[PDB]
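Visitor: Experimental structure below, sequence on top.
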Amino acid sequence: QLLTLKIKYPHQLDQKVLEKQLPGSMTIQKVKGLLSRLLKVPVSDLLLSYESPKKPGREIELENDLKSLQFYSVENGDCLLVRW
Ligand SMILES: [Pr+3]
Ligand SMILES: [Pr+3]
Ligand SMILES: [Pr+3]
């Protein structure tokens, strides 16, 4: 299953968020790898969380690099929040 996710950085307006299509089976390590190469920020520095429109405003940390997006129940249309 492919997830279409919004990608938000802290300084961005909600109106200017990016999107990416990612497999749900992708590990958090590999999502950080992708973001690291895009942003030129080290993998070790990235902090990822997500939010669902089902529970507006609640952030869930994507903490365990070995686990997948699916493990955390990230769904189509959710928003990945990226900090460093
Ligand atoms: Pr908000
Ligand atoms: Pr927010
Ligand atoms: Pr700082």
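Guide: Looks like it arrived, so ask away. Numbers count the residues shown, from 1 in each chain. Ligands and ions are numbered 1, 2, ... in the order given.

Visitor: ok, and the closest non-adjacent residue to residue 81?
Guide: Of all residues not flanking residue 81 in the chain, residue 49 sits nearest, at 4.6 Å (Cβ to Cβ, 6 or more residues apart in numbering). Placement of C-beta: from N, CA and C, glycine included.

Visitor: whoops, I mixed them up, residue 10
Guide: Residue nearest to residue 10 in three dimensions, not counting chain neighbours: residue 83, with 6.0 Å by Cβ to Cβ, 6+ apart.

Visitor: if I pick that neighbour, what's in contact with it?
Guide: Contact analysis of residue 83 by Cβ atoms under 8 Å, 6 or more residues apart in numbering lists 9, 10, 46, 47, 48, 49.

Visitor: Now the buried members of those.
Guide: Buried residues within the contacts of residue 83, counting neighbours by 16 or more other Cβ atoms under 10 Å: 46, 48, 49.

Visitor: Let me know the outermost residue of the chain.
Guide: residue 15 (17.1 Å; Cα atoms, centre = their mean).

Visitor: can I assume residue 54 sits in a strand?
Guide: No: per DSSP: H, G, I helix; E, B strand; the rest coil, residue 54 lies outside any strand segment and is coil.
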